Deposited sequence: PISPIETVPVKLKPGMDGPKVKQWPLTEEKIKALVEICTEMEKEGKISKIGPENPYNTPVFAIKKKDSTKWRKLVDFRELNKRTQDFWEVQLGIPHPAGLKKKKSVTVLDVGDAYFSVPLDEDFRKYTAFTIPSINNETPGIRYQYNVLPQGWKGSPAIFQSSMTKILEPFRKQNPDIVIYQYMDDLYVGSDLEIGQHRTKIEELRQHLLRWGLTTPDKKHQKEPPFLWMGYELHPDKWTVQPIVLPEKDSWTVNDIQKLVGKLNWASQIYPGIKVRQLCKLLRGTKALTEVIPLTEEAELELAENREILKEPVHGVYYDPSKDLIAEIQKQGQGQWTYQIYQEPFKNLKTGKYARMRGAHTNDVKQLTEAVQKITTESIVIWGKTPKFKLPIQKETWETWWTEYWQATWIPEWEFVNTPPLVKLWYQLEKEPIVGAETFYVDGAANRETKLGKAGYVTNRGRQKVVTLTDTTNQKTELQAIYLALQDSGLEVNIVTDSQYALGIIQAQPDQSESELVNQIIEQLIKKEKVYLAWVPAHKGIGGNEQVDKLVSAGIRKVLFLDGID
């Protein structure tokens, strides 16, 4: 077994995580205790004594598509304190091409980690507790011996063994983009779908040869990731209310889009006219109206991804199963604004939906910038905290604040 541990070092002065554990259902506690008594006979983890002051939270998800309980460790914290190690020393590079593929496939390769082993000295940072109910039993405390799934140091370590794994496949199909982000490998190609699907089956065996099984995706197509112009409505008979409402949208986009103008139409609004009252459009305004319309489907202009900077994501509830989204680094400076819409069943589940859009958007940043965003989630903390897993399925977790949508911001973006 003996493969030299990669001496992992926390950041200078920064201390290990001491994150509280969330009270869990007894269903996931049971399922964890199992997933965990199995992982220890495989020597993957080891109980730890109170002599350990650290703690990362843990939870139980339900295997995207393949429903059967999976452990999910929340290492966001440890990952921040570990940030020099993964991001800097052993940083894994973002293919610019991945966002352009006719198709991209996500494969989970976190079972790869279990094999390779963890720096005897780093393993304390990795402790987690498996709660009881009503505090009879104390927590079943554990700690890792082999790169964890969820900790970003791992892919950064394994990088060298992954390039070996893919070297013949990469050699044989040099136009296939492989990009590994955490526990997933992103596989992109311009192949036809059946060829793609095939290239990914082949790629799957190569993996199996090392122990990374699954007897694909999310099947993504970044190629077809087109916009959402802020979208103004098509002319006719405009009331005062509607002029007042476009001058509003246009005002706001003017803040993001350059060639914007609203003086032509704003003109008509110097009044004390009743808003049901109709008003003719002095042509010069159909000119202003249109000039903007053209712009609206055309890439802000001076907005560029700055790698030094965090990503931010806002999400609006639009009702009707719709939700919209903006991804930017500096407020108003949108680098990406799509929209996720309801796929029924849990027809009336507002959380079921927010949780899916947070993963759709997280996925796409991962494919566009190779990083996840910080969500401004139009929801109440506790509610999210309580229910965010009953529907969660990604192996990672991005960062989140809880916000309060401005009534008009939900508006402009309304499609």
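Absence of C-alpha coordinates is noted for several segments of the deposited sequence, namely 1-2, 218-229, 430-566.
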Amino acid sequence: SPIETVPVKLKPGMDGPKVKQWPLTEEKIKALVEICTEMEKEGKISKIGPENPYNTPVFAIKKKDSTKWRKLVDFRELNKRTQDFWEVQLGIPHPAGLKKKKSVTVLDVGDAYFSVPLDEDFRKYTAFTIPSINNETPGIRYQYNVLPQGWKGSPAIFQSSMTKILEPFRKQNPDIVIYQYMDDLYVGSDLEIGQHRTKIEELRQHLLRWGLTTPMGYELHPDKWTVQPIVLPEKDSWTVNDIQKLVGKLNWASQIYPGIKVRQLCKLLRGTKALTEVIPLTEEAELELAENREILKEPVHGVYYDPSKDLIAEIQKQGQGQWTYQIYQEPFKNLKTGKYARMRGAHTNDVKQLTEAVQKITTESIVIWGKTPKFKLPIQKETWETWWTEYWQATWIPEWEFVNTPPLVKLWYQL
From here on, numbers count along this sequence of modelled residues.
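The PDB entry records a higher mean C-alpha B factor for 62-70 than for its counterpart among 46-54 and 62-70. The PDB entry records a higher mean C-alpha B factor for 10-18 than for its counterpart among 390-398 and 10-18.
In the PDB entry, the Cα temperature factor peaks, among 150, 338, 271, 188, at 271. Note on 199, 123, 170, 267: the highest value goes to 267, judged by CA B factor as recorded. Compared with the other modelled residues of the chain, the Cα B-factor recorded for residue 312 ranks in the lowest third. In this PDB entry, the Cα temperature factor of residue 97 sits in the middle third of its chain's modelled residues. Looking at the C-alpha B-factors along this chain, the one for residue 346 belongs to the highest third. Residue 324: CA B factor lies in the lowest third for its chain, per the PDB record. Residue 77 sits in the lowest third of its chain by CA B factor, as recorded in the PDB entry.
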